[PDB]
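Residue numbers (the entry's author numbering), protein chains in the order written: chain c, 223 to 316; chain XS, 104 to 204; chain b, 2 to 149; chain XI, 30 to 66; chain XN, 202 to 251; chain o, 9 to 102; chain j, 23 to 108; chain XZ, 35 to 154; chain XK, 2 to 178; chain XR, 51 to 149. Backbone N, C-alpha and C fix where the C-beta goes; we use that ideal spot for every residue, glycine too. Take a look at the structure set out below.
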Amino acid sequence: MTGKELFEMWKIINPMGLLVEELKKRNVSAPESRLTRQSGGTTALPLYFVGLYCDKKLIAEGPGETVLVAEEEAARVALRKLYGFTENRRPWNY
Amino acid sequence: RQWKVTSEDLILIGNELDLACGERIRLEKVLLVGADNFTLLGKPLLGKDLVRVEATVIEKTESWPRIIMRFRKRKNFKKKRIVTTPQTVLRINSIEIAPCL
Amino acid sequence: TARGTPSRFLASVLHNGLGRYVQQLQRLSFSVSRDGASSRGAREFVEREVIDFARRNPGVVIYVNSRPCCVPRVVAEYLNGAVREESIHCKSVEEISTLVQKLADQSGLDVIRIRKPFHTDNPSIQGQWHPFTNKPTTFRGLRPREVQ
Amino acid sequence: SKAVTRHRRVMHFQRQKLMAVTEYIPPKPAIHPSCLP
Amino acid sequence: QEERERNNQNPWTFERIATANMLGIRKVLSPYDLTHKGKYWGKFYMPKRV
Amino acid sequence: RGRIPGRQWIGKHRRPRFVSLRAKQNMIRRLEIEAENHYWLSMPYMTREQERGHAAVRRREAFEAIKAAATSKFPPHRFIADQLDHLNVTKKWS
Amino acid sequence: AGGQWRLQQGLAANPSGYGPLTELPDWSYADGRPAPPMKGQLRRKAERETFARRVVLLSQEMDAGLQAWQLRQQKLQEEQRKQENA
Amino acid sequence: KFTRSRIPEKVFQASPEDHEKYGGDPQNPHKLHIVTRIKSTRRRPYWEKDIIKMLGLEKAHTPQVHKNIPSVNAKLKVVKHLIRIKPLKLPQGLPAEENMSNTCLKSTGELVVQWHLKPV
Amino acid sequence: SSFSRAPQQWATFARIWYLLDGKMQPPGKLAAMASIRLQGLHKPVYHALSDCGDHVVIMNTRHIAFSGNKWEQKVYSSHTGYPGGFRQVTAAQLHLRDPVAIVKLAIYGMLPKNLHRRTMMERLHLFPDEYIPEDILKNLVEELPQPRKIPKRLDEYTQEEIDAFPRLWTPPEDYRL
Amino acid sequence: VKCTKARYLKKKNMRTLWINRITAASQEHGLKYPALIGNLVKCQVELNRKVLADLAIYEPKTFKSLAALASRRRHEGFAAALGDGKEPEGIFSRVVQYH
RNA sequence: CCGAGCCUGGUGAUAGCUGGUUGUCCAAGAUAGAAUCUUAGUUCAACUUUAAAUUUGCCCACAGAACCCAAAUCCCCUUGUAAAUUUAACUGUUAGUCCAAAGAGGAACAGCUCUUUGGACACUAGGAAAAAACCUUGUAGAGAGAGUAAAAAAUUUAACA
Ligand SMILES: [Mg+2]
Ligand SMILES: [Mg+2]
Ligand SMILES: [Mg+2]
Ligand SMILES: [Mg+2]
Ligand SMILES: [Mg+2]
Ligand SMILES: [Mg+2]
Ligand SMILES: [Mg+2]
Ligand SMILES: [Mg+2]
Ligand SMILES: [Mg+2]
Ligand SMILES: [Mg+2]
Ligand SMILES: [Mg+2]
Ligand SMILES: [Zn+2]
């Protein structure tokens, strides 16, 4: 299991909806998605960064081809941050 | 030769270490250690008590055959040599830092 | 030569080092001849050293055919299904001892050019570089030379 | 060629390196001897 | 020219380098150059040289 | 346009090489090292007569060792063991 | 890079030359046992030992030669005294 | 024509400014030279080449010890431009037989008899 | 990081639209900066095999300035291919006929001589004056600074600077001036 | 023959690539490679160019920390150029003595 | 296909001349000249090579080496080093180019020719643009290590009582 990341082991649909319902479980504000940086909006290979802000403070951001893909990727990042399966997490002890 | 390594990662070394495969060893020299929010630099290398980097030997193998040809033109000077160097594989099992600072 | 010869990235079988290390050589199959000056070294080796070798390596299994053969050979099967045969024709006892021991130490995957001398499945800590890491933002995120 | 020539015989690179190192660097104080004194 | 050769702040002079042979420059030089130190090159005469 | 006669680094007319501060500073540091060598070669420790006859014994011993090594030349020895071991080519199991 | 700085400070021009960056052991057993010395360090130690032996040999030879010169001049003085006695 | 050059003896007479510069006391002079070959013996005459291998400087940047005596200073003058010379000075006294092993050079010409390879 | 593979790769090797104003800036170092940004050396993930180039937009190439009498001394020369087709034009003539060609040629020279030079010159963009098409100034990121500052003129020096600057000499009153 | 002679140009090309990458990151953080590496050596960190480039890529925070270290060492060296002695040595310019 | 036919044979004519000369790996190794119907070759010397015997071989410190009309050299104990001489057996090199220096010839021309000292090339590598001969640099491999070597030209010029 070491190499494989979480959303590569476990498939999800509507990850931003999952994130919203989890934040409602935790009783925090519904976050809003806002693009932070972008380049090539008119270009055929655009690049966007979408951050998810709860109570006007960011907890996750994600890159993407389009705004929607960047948004769902940022939701995925937030889910990783919550569940503690980040790539910067403590390795498995032996 | 300097490497950067983490846990559960492989490295290859161009010589044999006189160690049975599967055996664990502690790496003494450490030029640097770093986490997501901080880093520890040496002058040049860090203290022994500070770090604990452990690596297990996985494999000892002859490198793929390297050809070397020496050729000089219109002098009838041509020669081949095919060499296979020994090389060993290590896996970094664990990295730990001490409260000492 | 590298371009004619195939290549591969460094990798291990089942991440052999993390948990318990395992002897990745399943099996050895010697084929030696009773007669034949070529096989005298192999015969002496199977006489004296192979015993202690098997005692040292219980996980591996050793088969000896001992049939007529002009060239004595040795086959080695690994966990990966990789087969590797070497001809020990006119080879001394210590030579084939080193040969067998390095076969045991070897991993069951082809020896060919290795691109990188390392492998990090989690290379990125502190975040991988992207163009927008080391440049600041703008008030209200305004592009250069735009009113609103 | 000969040592003595009508033209100025081109010298060896080390020779002209030496001649380019050895010069009369005119010494004067940091202050010009007209404006200040 | 005498006060020039006395006043040059350059620590290095053709006299010194040639009479010492500190870089094997005797290869490139002539045996007469150590007396024709810098002023001469063949028939010519470069007074600015010292 | 811009060519020059013959080979460009030999003959009556050749390509004019020019010096640079790089070369100047390099050679002046070399001859600075050489001047330090002059200084250290000055200031001897002993004189000729003090230096005359102290290493004669060592030089004599070295030369006598060379003499012995040169005189000590013979064929190697021959052994019944190394002659008979060739019989072991027809070894075979009963 | 920085070779002149290292020399001015007293360190080797190349950090690979000498110092703790290379002379220390690069690995030890996890049990804390010491590993055997590396071949490079072994040959460097042998070289340094021969170096020191040669230094000592030269110093001893030359100071013995100077002492021999001294006592020869002393014997010369003594035999001049003997002459003036004769 | 090119021939091996004789050096005037007056060249090797240090002045007080040179003494104050290089830190060499004419009284109580050193006795051992460390020598390191800096330039290629190639593109040099056979006498320089053979004197180099005589002194034992066939490899470059490999320090060799020699005596500070005229018979050796002669060769060192012949090939002074191929080599760097510095004195050998040590505070810890000559290496004893117990400390033959743990010796160490320094780039400053020092020869230390104990090498703890550890900071203060 | 905690990013997925393809989006992380995309964000890492994405292209950037740099913007530069050439108002009295020299085409030499303008093209230097542009060539660096186009080759992708500024990216620490640079490798020639990987096309890590970036788009660049220059403005006011008409209002560029040389150092010296370059406008007269410099000559851009080209051969049409036919006999008598060898023609030289001073930078002044070449600017008057095409204000973009000077910086274009400067960059074409700074760039390496491989087949990627033409692609990088395609990614590049030039505009004679302060005007950009909507999409092109919409898909921008940042304006990297100019290499040289522009010295101030007398009509620009405020009065307090002039007053703070001291007077250096006293004229005699009897003088026409 | 070209396979065997390609090894040295492999070494050279990869060093040139490491230096290019480090120069890029350095001028991205305001510095440049000569000053950066000189100051690192002065502060006694012998981190070769391959790991420096790998840190520039995968670990930009550590790399810009090192660049800040280098720049501060530059400013300390300039203070030393102003007054060589007769002053307190830089806190980072200090060296560790080995024996 | 007649300055004297063609076929066969001698005849595998001869050729100091041209061309060609077959498996792997390692090592040592370009060298003053003389005679010759001889200068496109050869014999001797010299150099190189192999195996042996013995001891001095190289660097060199004072002293020493012409009246006539300079760089350096010969000899040379010490010292630093490890080579040298002789014996035995051959082969091969004996049509050579540039740089620096001293000269001769020629025009104080030649990428010109002739002698001497040294270096390089005809062996690898980096540089000077490509480059035989210039500068750094030599003893052999693997490295995705590091310190260095030689190494990038500067110049704008004329008033006058
Ligand atoms: Mg001449
Ligand atoms: Mg030509
Ligand atoms: Mg006829
Ligand atoms: Mg007919
Ligand atoms: Mg014939
Ligand atoms: Mg032929
Ligand atoms: Mg050889
Ligand atoms: Mg002939
Ligand atoms: Mg003698
Ligand atoms: Mg000629
Ligand atoms: Mg000629
Ligand atoms: Zn003034």
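Under 8 Å between C-beta atoms of residue i and residue j
i: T70 (chain XZ); j: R40 (chain XZ); result: no
i: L230 (chain XN); j: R44 (chain XI); result: yes
i: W167 (chain XS); j: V112 (chain b); result: yes
i: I63 (chain b); j: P73 (chain b); result: no
i: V154 (chain XS); j: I200 (chain XS); result: yes
i: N102 (chain XZ); j: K65 (chain XZ); result: yes
i: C53 (chain XR); j: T2 (chain b); result: yes
i: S141 (chain XZ); j: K67 (chain j); result: no
i: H16 (chain b); j: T224 (chain c); result: yes
i: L49 (chain o); j: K111 (chain XZ); result: yes
i: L67 (chain XR); j: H48 (chain XK); result: yes
i: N58 (chain b); j: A12 (chain b); result: no
i: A33 (chain XK); j: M111 (chain XK); result: yes
i: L97 (chain XR); j: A120 (chain XR); result: no
i: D36 (chain b); j: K100 (chain o); result: yes
i: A106 (chain XR); j: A75 (chain XR); result: yes
i: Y79 (chain b); j: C124 (chain XS); result: no
i: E143 (chain XK); j: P132 (chain b); result: no
i: residue 196 (chain XN); j: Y246 (chain XN); result: Because residue 196 (chain XN) is not part of the residues shown, which for chain XN are 202 to 251, the question remains open.
i: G41 (chain j); j: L33 (chain j); result: yes
Residues near residue i in its chain [Cβ-Cβ closer than 6 Å; skip 5 each side]
i: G25 (chain j); result: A35
i: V156 (chain XS); result: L130 and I198
i: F87 (chain XK); result: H80
i: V289 (chain c); result: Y270
i: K24 (chain XK); result: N61 and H64
Beta-carbon separation (whole angstroms), residue i vs residue j, contact threshold 8 Å
i: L145 (chain XZ); j: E45 (chain j); result: In fact, because the Cβ distance is near 17 Å, the residues do not count as touching under 8 Å.
i: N140 (chain XK); j: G263 (chain c); result: 5 Å
i: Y53 (chain o); j: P63 (chain XZ); result: 5 Å
i: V84 (chain b); j: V75 (chain b); result: About 11 Å separates the two Cβ atoms, so there is no contact after all.
i: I116 (chain XS); j: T191 (chain XS); result: 5 Å
i: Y316 (chain c); j: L19 (chain b); result: 7 Å
i: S2 (chain XK); j: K303 (chain c); result: Actually they do not touch by this definition, with Cβ atoms about 11 Å apart.
Beta-carbon proximity list for residue i, same chain, < 7 Å, skipping 5 on both sides
i: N209 (chain XN); result: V251
i: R259 (chain c); result: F271
i: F54 (chain b); result: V101
i: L127 (chain XK); result: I59, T62, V101, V104 and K105
Close-in-space but distant-in-sequence residues of the same chain around residue i (CB under 8 Å, 5 per side omitted)
i: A93 (chain XK); result: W72 and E73
| message | Tell me whether the region 98-106 of chain XK and the region 60-77 of chain XK touch, counting them as touching only if at least three CB pairs, one residue from each stretch, are closer than 8 Å. | response | yes
| field | the region 190-202 of chain XS contacting the region 26-35 of chain b, beta-carbon criterion three pairs below 8 Å | value | no
| query | Can at least three beta-carbon pairs, one atom from the region 108-124 of chain XS and one from the region 121-129 of chain b, be found at a separation below 8 Å? | reply | yes
| query | If you pair each beta-carbon of the region 271-290 of chain c with each one of the region 250-261 of chain c, do three or more pairs fall below 8 Å? | reply | yes
| If you pair each beta-carbon of the region 286-295 of chain c with each one of the region 36-52 of chain XK, do three or more pairs fall below 8 Å? | Below 8 Å, too few C-beta pairs join the region 286-295 of chain c and the region 36-52 of chain XK to call them touching: fewer than three.
| message | Counting beta carbon pairs with one atom in the region 169-178 of chain XS and one in the region 298-310 of chain c, are three or more of them shorter than 8 Å? | response | no
| task | Report the residue ranges of all alpha helix (DSSP H) runs contained in full by the region 87-122 of chain XK; include only those spanning at least 4 residues, in chain order. | result | 92-98 and 102-111
| said: Does the region 48-65 of chain XI come into contact with the region 206-226 of chain XN, if we say contact requires no fewer than three beta-carbon pairs (one atom in each stretch) closer than 8 Å? | reply: Touching, yes, given that three or more Cβ pairs across the two stretches are closer than 8 Å.
| Segment contact, 8 Å Cβ cut-off, at least three pairs: the region 61-79 of chain XR with the region 157-175 of chain XK | no
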